[PDB]
>>> print(open('upload-v6.cif').read())   # mmCIF, C-alpha atoms
data_start
loop_
_atom_site.group_PDB
_atom_site.id
_atom_site.type_symbol
_atom_site.label_atom_id
_atom_site.label_comp_id
_atom_site.auth_asym_id
_atom_site.auth_seq_id
_atom_site.Cartn_x
_atom_site.Cartn_y
_atom_site.Cartn_z
ATOM 1 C CA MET J 66 50.970 59.836 5.772
ATOM 2 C CA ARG J 67 52.596 59.620 9.167
ATOM 3 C CA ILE J 68 52.760 55.933 10.128
ATOM 4 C CA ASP J 69 52.286 56.386 13.929
ATOM 5 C CA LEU J 70 49.205 58.412 13.032
ATOM 6 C CA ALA J 71 47.921 55.891 10.437
ATOM 7 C CA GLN J 72 48.194 53.273 13.202
ATOM 8 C CA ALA J 73 46.394 55.531 15.709
ATOM 9 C CA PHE J 74 43.724 55.880 13.032
ATOM 10 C CA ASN J 75 43.528 52.101 12.380
ATOM 11 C CA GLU J 76 43.220 51.268 16.083
ATOM 12 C CA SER J 77 40.283 53.736 16.288
ATOM 13 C CA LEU J 78 38.084 51.705 13.937
ATOM 14 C CA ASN J 79 38.361 48.144 15.273
ATOM 15 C CA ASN J 80 35.877 46.395 17.630
ATOM 16 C CA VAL J 81 37.231 47.020 21.158
ATOM 17 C CA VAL J 82 38.303 50.668 21.725
ATOM 18 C CA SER J 83 39.629 51.941 25.103
ATOM 19 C CA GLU J 84 37.892 54.718 27.102
ATOM 20 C CA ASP J 85 41.220 56.142 28.464
ATOM 21 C CA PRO J 86 42.168 59.786 27.968
ATOM 22 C CA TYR J 87 45.491 59.100 26.327
ATOM 23 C CA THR J 88 43.947 56.631 23.922
ATOM 24 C CA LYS J 89 41.100 58.982 23.048
ATOM 25 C CA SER J 90 43.569 61.769 22.215
ATOM 26 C CA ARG J 91 45.665 59.310 20.075
ATOM 27 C CA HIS J 92 42.612 58.150 18.123
ATOM 28 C CA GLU J 93 41.587 61.757 17.513
ATOM 29 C CA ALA J 94 45.064 62.653 16.274
ATOM 30 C CA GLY J 95 44.918 59.710 13.887
ATOM 31 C CA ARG J 96 41.513 60.978 12.673
ATOM 32 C CA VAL J 97 42.928 64.490 12.095
ATOM 33 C CA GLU J 98 45.730 62.924 9.985
ATOM 34 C CA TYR J 99 43.286 60.996 7.731
ATOM 35 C CA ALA J 100 41.118 64.126 7.265
ATOM 36 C CA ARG J 101 44.231 66.086 6.171
ATOM 37 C CA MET J 102 45.135 63.352 3.666
ATOM 38 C CA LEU J 103 41.497 63.472 2.511
ATOM 39 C CA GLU J 104 41.590 67.257 2.180
ATOM 40 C CA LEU J 105 44.643 66.956 -0.063
ATOM 41 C CA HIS J 106 43.794 63.841 -2.159
ATOM 42 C CA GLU J 107 47.158 62.752 -0.861
ATOM 43 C CA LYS J 108 49.030 59.949 -2.624
ATOM 44 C CA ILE J 109 49.505 56.897 -0.379
ATOM 45 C CA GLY J 110 51.414 54.550 -2.733
ATOM 46 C CA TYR J 111 50.622 51.882 -5.335
ATOM 47 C CA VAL J 112 48.534 48.766 -5.800
ATOM 48 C CA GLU J 113 49.990 46.190 -8.206
ATOM 49 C CA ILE J 114 48.122 43.169 -9.609
ATOM 50 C CA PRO J 115 50.675 41.181 -11.737
ATOM 51 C CA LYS J 116 48.280 38.775 -13.507
ATOM 52 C CA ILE J 117 46.141 41.584 -14.988
ATOM 53 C CA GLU J 118 49.243 43.794 -15.344
ATOM 54 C CA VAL J 119 47.846 46.552 -13.163
ATOM 55 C CA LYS J 120 50.067 49.054 -11.294
ATOM 56 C CA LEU J 121 48.190 52.175 -10.216
ATOM 57 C CA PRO J 122 48.738 55.085 -7.776
ATOM 58 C CA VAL J 123 46.578 54.935 -4.631
ATOM 59 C CA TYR J 124 45.214 58.177 -3.119
ATOM 60 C CA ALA J 125 43.331 58.987 0.082
ATOM 61 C CA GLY J 126 39.533 59.068 -0.328
ATOM 62 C CA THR J 127 37.107 58.291 -3.132
ATOM 63 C CA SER J 128 36.653 61.812 -4.499
ATOM 64 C CA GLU J 129 36.229 62.124 -8.261
ATOM 65 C CA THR J 130 39.635 63.878 -8.430
ATOM 66 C CA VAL J 131 41.083 60.633 -7.164
ATOM 67 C CA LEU J 132 38.846 58.236 -9.077
ATOM 68 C CA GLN J 133 39.532 59.994 -12.415
ATOM 69 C CA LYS J 134 43.337 59.555 -12.144
ATOM 70 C CA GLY J 135 43.861 56.373 -10.073
ATOM 71 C CA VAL J 136 42.812 54.198 -7.125
ATOM 72 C CA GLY J 137 40.942 55.531 -4.051
ATOM 73 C CA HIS J 138 41.091 54.453 -0.400
ATOM 74 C CA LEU J 139 37.589 53.961 0.926
ATOM 75 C CA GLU J 140 36.995 56.394 3.736
ATOM 76 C CA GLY J 141 35.974 54.428 6.780
ATOM 77 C CA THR J 142 38.373 51.506 6.232
ATOM 78 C CA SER J 143 41.945 50.922 7.545
ATOM 79 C CA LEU J 144 44.883 52.828 6.035
ATOM 80 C CA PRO J 145 47.008 50.377 3.900
ATOM 81 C CA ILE J 146 49.927 49.861 6.322
ATOM 82 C CA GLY J 147 48.977 46.357 7.446
ATOM 83 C CA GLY J 148 48.727 44.820 10.910
ATOM 84 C CA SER J 149 46.391 42.724 12.971
ATOM 85 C CA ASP J 150 42.919 44.323 13.206
ATOM 86 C CA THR J 151 43.136 45.947 9.767
ATOM 87 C CA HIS J 152 40.987 45.800 6.662
ATOM 88 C CA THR J 153 41.812 48.338 3.951
ATOM 89 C CA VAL J 154 39.634 48.881 0.855
ATOM 90 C CA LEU J 155 41.040 50.269 -2.393
ATOM 91 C CA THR J 156 38.574 51.289 -5.117
ATOM 92 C CA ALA J 157 38.631 52.247 -8.859
ATOM 93 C CA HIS J 158 36.327 52.521 -11.887
ATOM 94 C CA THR J 159 35.475 49.862 -14.480
ATOM 95 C CA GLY J 160 34.466 50.970 -17.989
ATOM 96 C CA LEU J 161 35.767 54.551 -17.800
ATOM 97 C CA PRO J 162 36.994 55.533 -21.324
ATOM 98 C CA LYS J 163 39.768 57.766 -19.918
ATOM 99 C CA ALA J 164 41.652 54.883 -18.197
ATOM 100 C CA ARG J 165 41.231 51.068 -17.851
ATOM 101 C CA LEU J 166 41.790 51.166 -14.026
ATOM 102 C CA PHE J 167 40.008 48.180 -12.294
ATOM 103 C CA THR J 168 38.229 46.894 -15.464
ATOM 104 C CA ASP J 169 40.076 43.573 -15.442
ATOM 105 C CA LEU J 170 39.402 42.780 -11.752
ATOM 106 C CA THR J 171 36.738 40.394 -12.975
ATOM 107 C CA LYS J 172 39.686 38.308 -14.243
ATOM 108 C CA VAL J 173 41.247 37.944 -10.762
ATOM 109 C CA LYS J 174 41.142 34.423 -9.235
ATOM 110 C CA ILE J 175 41.338 32.914 -5.803
ATOM 111 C CA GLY J 176 44.988 32.098 -5.140
ATOM 112 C CA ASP J 177 46.229 35.216 -6.997
ATOM 113 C CA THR J 178 48.486 37.758 -5.326
ATOM 114 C CA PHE J 179 48.353 41.549 -5.115
ATOM 115 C CA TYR J 180 50.696 44.081 -3.496
ATOM 116 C CA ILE J 181 50.217 47.411 -1.857
ATOM 117 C CA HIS J 182 53.394 49.498 -2.000
ATOM 118 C CA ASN J 183 53.514 52.166 0.721
ATOM 119 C CA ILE J 184 56.305 54.437 1.881
ATOM 120 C CA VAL J 185 57.484 51.728 4.305
ATOM 121 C CA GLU J 186 57.025 48.452 2.463
ATOM 122 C CA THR J 187 55.487 46.229 -0.063
ATOM 123 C CA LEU J 188 52.579 44.303 1.423
ATOM 124 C CA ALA J 189 51.460 41.047 -0.185
ATOM 125 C CA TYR J 190 47.876 39.706 -0.092
ATOM 126 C CA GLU J 191 46.554 36.425 -1.464
ATOM 127 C CA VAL J 192 43.018 36.446 -2.918
ATOM 128 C CA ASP J 193 40.824 34.190 -0.721
ATOM 129 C CA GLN J 194 37.258 35.461 -1.557
ATOM 130 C CA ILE J 195 35.457 37.139 -4.485
ATOM 131 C CA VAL J 196 31.950 38.432 -3.885
ATOM 132 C CA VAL J 197 29.443 40.292 -6.043
ATOM 133 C CA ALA J 198 27.415 42.451 -3.623
ATOM 134 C CA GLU J 199 24.762 45.186 -3.785
ATOM 135 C CA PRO J 200 26.218 48.730 -3.416
ATOM 136 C CA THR J 201 24.922 49.196 0.119
ATOM 137 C CA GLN J 202 26.033 45.770 1.417
ATOM 138 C CA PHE J 203 29.103 46.300 3.600
ATOM 139 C CA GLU J 204 29.329 43.042 5.629
ATOM 140 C CA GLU J 205 32.411 41.798 3.659
ATOM 141 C CA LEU J 206 34.365 45.030 3.978
ATOM 142 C CA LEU J 207 34.492 45.117 7.800
ATOM 143 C CA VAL J 208 37.480 44.752 10.138
ATOM 144 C CA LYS J 209 37.946 41.134 11.201
ATOM 145 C CA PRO J 210 39.592 41.173 14.647
ATOM 146 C CA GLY J 211 43.120 39.850 14.995
ATOM 147 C CA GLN J 212 43.395 39.752 11.195
ATOM 148 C CA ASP J 213 44.801 41.580 8.154
ATOM 149 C CA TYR J 214 42.782 41.869 4.905
ATOM 150 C CA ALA J 215 42.735 44.027 1.816
ATOM 151 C CA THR J 216 39.799 44.254 -0.572
ATOM 152 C CA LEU J 217 39.977 45.701 -4.083
ATOM 153 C CA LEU J 218 36.545 47.004 -5.098
ATOM 154 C CA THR J 219 34.837 48.055 -8.344
ATOM 155 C CA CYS J 220 31.453 48.592 -10.056
ATOM 156 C CA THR J 221 29.886 45.516 -11.745
ATOM 157 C CA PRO J 222 28.728 44.172 -14.241
ATOM 158 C CA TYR J 223 30.644 46.006 -17.033
ATOM 159 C CA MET J 224 28.933 49.391 -17.736
ATOM 160 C CA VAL J 225 25.792 48.228 -15.859
ATOM 161 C CA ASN J 226 27.050 48.892 -12.274
ATOM 162 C CA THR J 227 24.068 47.668 -10.379
ATOM 163 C CA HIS J 228 26.500 45.747 -8.057
ATOM 164 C CA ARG J 229 30.044 45.871 -6.669
ATOM 165 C CA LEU J 230 32.865 43.378 -7.109
ATOM 166 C CA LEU J 231 34.690 42.644 -3.797
ATOM 167 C CA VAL J 232 38.031 40.929 -4.328
ATOM 168 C CA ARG J 233 39.577 40.085 -0.930
ATOM 169 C CA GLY J 234 43.053 38.843 0.073
ATOM 170 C CA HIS J 235 44.607 37.880 3.450
ATOM 171 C CA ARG J 236 48.097 39.124 4.337
ATOM 172 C CA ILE J 237 50.902 36.781 3.284
ATOM 173 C CA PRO J 238 54.665 37.065 3.939
ATOM 174 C CA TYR J 239 56.629 39.135 1.447
ATOM 175 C CA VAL J 240 60.086 37.811 0.687
ATOM 176 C CA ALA J 241 61.945 40.344 -1.420
ATOM 177 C CA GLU J 242 64.500 37.564 -2.178
ATOM 178 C CA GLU J 243 61.718 36.499 -4.583
ATOM 179 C CA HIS J 244 59.352 39.314 -5.848
#
>>> encode(input="upload-v6.cif", output="structure tokens")
Amino acid sequence: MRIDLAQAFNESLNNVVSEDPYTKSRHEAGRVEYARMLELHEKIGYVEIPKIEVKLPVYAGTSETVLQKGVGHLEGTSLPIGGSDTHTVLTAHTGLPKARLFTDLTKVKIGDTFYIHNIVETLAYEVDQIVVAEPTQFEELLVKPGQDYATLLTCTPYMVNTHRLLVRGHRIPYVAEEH
């Protein structure tokens, strides 16, 4: 995952997009990078949730290759590199016998902290909203302009899976002098 390209990509989603020829070519290039990551189920990094003791590898896309061995990045959402005008969504199974994965996401509270570890940095998010939505309801996963969110997403209730659990955090400062 080239960072300049992940950024190009992330800029290409958000509300106001420029009609300029240089910008169009940059957005395209970003799109070609994400497709290549998708083609290769490429590892992006890790998500860690300390209070449920989760630390899982994150991969590009939500293919079953990915979802069988770790966490998947929802195609259509920002790459997990942070920044204003970003909203990344990381997804995993609940109630898969093979691995626990996101099963204990139901135990996450508002005020709790999760981290996304990429090749550049640890990013810290503080849970500010938990929503149980229908599988085709996307209104809470969208890019909120000028802002920086990450949602962890899973099937719900346990082994029923009629709904999705949307656990959302806003970006907070990460002081390594602590975590």
>>> resolve_selection(input="upload-v6.cif", expression="the PyMOL selection byres ((chain J and resi 169) around 12)", output="PyMOL selection string")
chain J and resi 114-119+157-160+164-168+170-174+217-223+230+232
>>> atom_distance(input="upload-v6.cif", atom1="atom CA of residue J:206", atom2="atom CA of residue J:89")
24.6 Å
>>> closest_residue(input="upload-v6.cif", among="J:108, J:138, J:163, J:209", to="residue J:81", atoms="only C-alpha atoms")
J:209
>>> resolve_selection(input="upload-v6.cif", expression="the PyMOL selection byres ((chain J and resi 105) around 12)", output="list in words")
residues 66, 98, 99, 100, 101, 102, 103, 104, 106, 107, 108, 109, 124, 125, 126, 127, 128, 130 and 131 of chain J
>>> resolve_selection(input="upload-v6.cif", expression="the PyMOL selection byres ((chain J and resi 240) around 12)", output="PyMOL selection string")
chain J and resi 186-189+237-239+241-244
>>> atom_distance(input="upload-v6.cif", atom1="atom CA of residue J:194", atom2="atom CA of residue J:182")
21.4 Å
>>> atom_distance(input="upload-v6.cif", atom1="atom CA of residue J:176", atom2="atom CA of residue J:229")
20.4 Å
>>> residues_around(input="upload-v6.cif", residues="residue J:213", least_positions_apart="5", cutoff="7 Å", atoms="only C-alpha atoms", output="number ranges by chain")
J: 147-152, 235-236
>>> closest_residue(input="upload-v6.cif", among="J:185, J:231, J:70, J:175", to="residue J:199", atoms="only C-alpha atoms")
J:231
>>> closest_residue(input="upload-v6.cif", among="J:136, J:123, J:215, J:94", to="residue J:195", atoms="only C-alpha atoms")
J:215
>>> decode(input="upload-v6.cif", residues="stretch 74-110 of chain J", atoms="N, CA and C atoms", output="short mmCIF file (atom, residue, chain, number, x, y, z; two decimals), in the first residue's frame")
data_model
loop_
_atom_site.label_atom_id
_atom_site.label_comp_id
_atom_site.auth_asym_id
_atom_site.auth_seq_id
_atom_site.Cartn_x
_atom_site.Cartn_y
_atom_site.Cartn_z
N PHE J 74 -6.54 7.81 -3.54
CA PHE J 74 -7.75 7.02 -3.39
C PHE J 74 -8.79 7.66 -2.45
N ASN J 75 -8.34 8.06 -1.26
CA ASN J 75 -9.23 8.58 -0.21
C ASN J 75 -9.89 9.90 -0.58
N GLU J 76 -9.10 10.78 -1.19
CA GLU J 76 -9.60 12.01 -1.81
C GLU J 76 -10.69 11.80 -2.88
N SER J 77 -10.65 10.64 -3.55
CA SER J 77 -11.53 10.35 -4.69
C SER J 77 -12.93 9.92 -4.25
N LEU J 78 -13.11 9.66 -2.96
CA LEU J 78 -14.40 9.24 -2.46
C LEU J 78 -15.21 10.47 -2.04
N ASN J 79 -14.59 11.29 -1.19
CA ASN J 79 -15.26 12.36 -0.44
C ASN J 79 -16.03 13.43 -1.27
N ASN J 80 -16.97 14.10 -0.60
CA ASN J 80 -18.06 14.88 -1.23
C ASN J 80 -17.67 15.76 -2.43
N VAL J 81 -16.80 16.74 -2.22
CA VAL J 81 -16.39 17.61 -3.33
C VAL J 81 -15.09 17.12 -4.01
N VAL J 82 -15.21 16.76 -5.29
CA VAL J 82 -14.12 16.19 -6.10
C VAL J 82 -13.87 17.08 -7.34
N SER J 83 -12.61 17.46 -7.57
CA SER J 83 -12.27 18.44 -8.62
C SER J 83 -12.18 17.87 -10.05
N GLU J 84 -12.76 18.62 -11.00
CA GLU J 84 -12.86 18.25 -12.40
C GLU J 84 -11.64 18.34 -13.30
N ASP J 85 -10.59 19.01 -12.81
CA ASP J 85 -9.18 19.07 -13.26
C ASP J 85 -8.52 17.80 -13.76
N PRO J 86 -7.74 17.91 -14.83
CA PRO J 86 -7.10 16.77 -15.45
C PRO J 86 -5.99 16.10 -14.63
N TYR J 87 -5.28 16.87 -13.84
CA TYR J 87 -4.29 16.32 -12.97
C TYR J 87 -4.92 15.55 -11.85
N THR J 88 -5.98 16.11 -11.31
CA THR J 88 -6.70 15.51 -10.18
C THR J 88 -7.41 14.22 -10.58
N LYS J 89 -7.92 14.20 -11.80
CA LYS J 89 -8.64 13.05 -12.32
C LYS J 89 -7.64 11.90 -12.46
N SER J 90 -6.48 12.19 -13.04
CA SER J 90 -5.43 11.18 -13.20
C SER J 90 -4.87 10.64 -11.86
N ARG J 91 -4.79 11.51 -10.84
CA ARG J 91 -4.39 11.14 -9.47
C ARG J 91 -5.43 10.24 -8.79
N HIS J 92 -6.71 10.54 -9.00
CA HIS J 92 -7.76 9.73 -8.39
C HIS J 92 -7.79 8.35 -9.00
N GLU J 93 -7.56 8.30 -10.31
CA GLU J 93 -7.55 7.06 -11.08
C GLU J 93 -6.43 6.15 -10.60
N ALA J 94 -5.24 6.74 -10.45
CA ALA J 94 -4.05 6.08 -9.99
C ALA J 94 -4.25 5.47 -8.62
N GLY J 95 -4.87 6.25 -7.72
CA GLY J 95 -5.30 5.76 -6.42
C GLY J 95 -6.24 4.56 -6.51
N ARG J 96 -7.16 4.61 -7.48
CA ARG J 96 -8.14 3.54 -7.72
C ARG J 96 -7.49 2.27 -8.25
N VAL J 97 -6.50 2.44 -9.12
CA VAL J 97 -5.66 1.32 -9.62
C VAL J 97 -4.86 0.66 -8.47
N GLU J 98 -4.35 1.46 -7.54
CA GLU J 98 -3.67 0.91 -6.36
C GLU J 98 -4.60 0.05 -5.47
N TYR J 99 -5.81 0.53 -5.20
CA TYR J 99 -6.73 -0.22 -4.34
C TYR J 99 -7.19 -1.54 -4.99
N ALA J 100 -7.49 -1.48 -6.30
CA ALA J 100 -7.75 -2.69 -7.10
C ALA J 100 -6.64 -3.75 -7.07
N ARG J 101 -5.38 -3.32 -7.13
CA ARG J 101 -4.22 -4.20 -7.01
C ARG J 101 -4.12 -4.84 -5.61
N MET J 102 -4.30 -4.04 -4.56
CA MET J 102 -4.43 -4.57 -3.22
C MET J 102 -5.58 -5.58 -3.13
N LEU J 103 -6.71 -5.24 -3.74
CA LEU J 103 -7.87 -6.14 -3.74
C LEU J 103 -7.53 -7.44 -4.47
N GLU J 104 -6.85 -7.33 -5.60
CA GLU J 104 -6.53 -8.51 -6.39
C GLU J 104 -5.65 -9.45 -5.57
N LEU J 105 -4.85 -8.90 -4.68
CA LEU J 105 -3.88 -9.70 -3.94
C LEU J 105 -4.22 -9.99 -2.49
N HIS J 106 -5.44 -9.67 -2.05
CA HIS J 106 -5.84 -9.80 -0.63
C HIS J 106 -4.76 -9.25 0.29
N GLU J 107 -4.18 -8.13 -0.13
CA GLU J 107 -2.97 -7.62 0.47
C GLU J 107 -3.16 -7.18 1.90
N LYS J 108 -2.23 -7.59 2.76
CA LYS J 108 -2.24 -7.20 4.18
C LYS J 108 -2.00 -5.69 4.34
N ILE J 109 -2.86 -5.02 5.09
CA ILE J 109 -2.69 -3.59 5.34
C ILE J 109 -2.02 -3.31 6.67
N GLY J 110 -2.39 -4.07 7.70
CA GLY J 110 -1.81 -3.90 9.05
C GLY J 110 -2.57 -4.69 10.11
#
